[PDB]
Amino acid sequence: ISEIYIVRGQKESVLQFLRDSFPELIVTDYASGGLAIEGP
Amino acid sequence: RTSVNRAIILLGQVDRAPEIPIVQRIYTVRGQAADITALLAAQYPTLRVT
């Protein structure tokens with residue numbers, strides 16, 4: 001499923017962390033639109 | 001039929017109308033002040049006279 005997480009704080013924080021603890025996920029970035037987390 | 005719904009929700013964020021820089025001025029009413037408050041609340045009904 002794909003959901004949208006609007007970045008609240010810093011950008012790379014929600015970027016760098018999210019790949020580490022969740023490599024089984026993909027974040028589709030929408031420039032200034034936030035994120036589009038999808039996967040399992 | 002699904003990518004549209006996802007595009008619209010996204011599109012609201014990326015597309016916003018230009019904002020209006022609300023300015024402040026202080027008026028020193030000459031005459032009554034209750035009547036010139038009611039005037040500015042019928043004329044120009046979005047001025048925020050405090």
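Letters go in sequence order (proteins before strands), and every chain restarts at 1. Values below: all heavy atoms of this structure, side chains included; hydrogens, waters and symmetry mates excluded.
The hydrophobic clustering, which links ILVMFWY residues whose side-chain heavy atoms are closer than 4.5 Å, places A:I4 and A:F22 apart. Following chains of ILVMFWY side-chain contacts shorter than 4.5 Å, one can reach A:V27 starting from A:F17, so the two form part of one hydrophobic cluster. Linking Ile, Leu, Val, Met, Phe, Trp and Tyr whenever their side-chain heavy atoms come within less than 4.5 Å puts A:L25 and A:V14 in one cluster.
The environment of B:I9 atom CD1 is sparse: at most 12 non-hydrogen atoms of other residues, nucleotides or ligands sit within 6.0 angstrom.
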Would you mind checking chain B against chain A for donor-acceptor pairs under 3.5 Å and listing them?
| unit_1 | atom_1 | unit_2 | atom_2 | d |
| --- | --- | --- | --- | --- |
| B:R6 | NH1 | A:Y30 | OH | 2.8 |
| B:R6 | NH2 | A:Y30 | OH | 2.2 |
| B:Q13 | NE2 | A:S32 | O | 2.4 |

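Applying the salt bridge (charged side-chain N to carboxylate O under 4.0 Å, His left out) test to every pair with at least one member in residues 36-47 of chain B, sequence neighbours left out, gives no pairs at all.
For the set B:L10, B:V14, B:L11, the entry with the most heavy-atom pairs within less than 4.5 Å of chain A is B:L10.
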